[PDB]
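In the structure tokens that follow, the same protein chain appears in two forms, which are kept apart as structure 1 and structure 2.
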Structure 1
């Protein structure tokens, strides 16, 4: 969907309505903590809205042109065994971004950083809105500097007439209750989001593609925006319950992948063009290393980069991973020191490592996170 850097536009409307939806569907018997956390969210509305639009204008990334259209089955294909060269990190998808920002949002909320938590939640919903955008051509036709397309700008001009204020039921009813049953957040998110994304693809072929009439387009915007709002409300509801009842999705399950969220210091020359790797060592002495390389310019000064690592051994618990590290290898003979500011490691929807560093890493050296 379309959006503007100041927290306005289609994206902002979606999260704003997601809140109103909850304000209306929330049953009276709901735990007061849930209702109280909803109120904290509402008073941080401007941050939720800013976060909901930020990913299309994020300048602390890889210096790449924005393109947020993925085939709904991408995440599922990446999750399958054998289908990926493990030495390489897995590319970020709309599906994975929802999970990452959700984990970061939960972590921040538990420690009282409501403003940051809400912003992160906004970013998670931004990506959910995207996968719910009915635009799936093989070849994209961008119309603005932020990578938006004509179907999104069309919906943008009409956003007000697509607003909904209810999911169609109360939180004690099926839609909402089903969302709480699956205690495995990452597993629930995958199936839940995939449903909206696939319906989105169907709508692209039957109503939103360029060859369809304006009437078809209006209808497509209407039904996918309703879906986006409802779906967003569902994610916010789950977040509220997760942070209120102190829920942890990683609870004793196998760690199939690890996600590194690395914040490079804003200091001059903090970034690096040298080869960068991440590695772990298990309690039993096993080791695995991955190359941290995404399509763009990795580890730029002041960037917040994400790397998804798929593990060899799929029978490991989080406590089985004893050490973790990042390692630099010189690209050229010339110096190019690297200064990470903070590194967060996420395992099964939980932020398991949050280490401030602010030290220069130079030459061919290994820096131990743990």
Structure 2
């Protein structure tokens, strides 16, 4: 969907409507903690809206925004991101910041998660039809943006004590829940591309396509916010006693001169049993740029590990030329199974072929 960096436009309409939908649908028996956190969320409507548009303006964005796409049908290196994995990453960060009362930052992250959900609920994104593949990509989003006011909805159809919402709370595994919830909306979106929204179809078809995918984006966003309010009100932990199949690193590089690096970068772990795994951190684009925030996903060789089995974690640099760079990370977070399990301020130089321990 379109958005503008000042937190306006289609993306902003979707999250704003998301909150309003939820206010309308919330049943009488909702816990008081949930209503209070909803009030905190509304105190932070600006950041919700800003985060819902920011990813399109992020200087660190991938060149073709590859991670804003996801097809719902289709261990020595890091794994790339998709619209679906970003929803999960930003949701964990949001829950993490919420638990410590950092509500402005939490709500921004929440908004970012919702940017990615909103995208996978377009027709073009879950169909993988880019602006390069089709003139209709931009045309359709502009058509929707111009008409966004007429596609606003103010209820999901049902109160929060009813099926659509209670089904959202049934699965305490947030990540598994989110993936299949998003999957359902993205299949309807991809279906709408082929049935109504592509350049093969008519203006009436586009109108119907916008009506349905915008309604779905708003209803689905309401559901995510609902899940979020329950999660942070109960301190729900979605990772509890689950095998760590993979780790996600979220690394903020300092904005200081020459803080970034082009040297080889590795993330690594050592278990209680003395076993190690190391991966190179190397995303498609230009990693570890001064002031950027990079995301890496690492798949574990051993699929039967609990988080507490991971005793040590480090990052390690290796000079690419005869002149060792220096790299200065501001902070690194490590996420396992939907929970931030390490939040390490660094703010110090890693000079040549040095290792820095993050746990």
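Positions refer to the first chain, counted from 1. In this text, the rigid core denotes the largest set of C-alpha atoms whose superposition between the two forms falls within 1.5 Å.
Compared between structure 1 and structure 2 on the core, the listed residues 284, 144, 178, 191 keep their C-alpha shifts below 2 Å, save 144. Annotation: Cα of residue 68 displaced by at least 2 Å between structure 1 and structure 2, core superposition. The Cα position of residue 159 changes by 0.4 Å between structure 1 and structure 2 once both are aligned on the rigid core.
Look at residue 334: with the core superposed, its C-alpha moves 2.1 Å between structure 1 and structure 2.
Comparison between structure 1 and structure 2 places the CA of residue 211 1.5 angstrom away from its other position, after core fitting.
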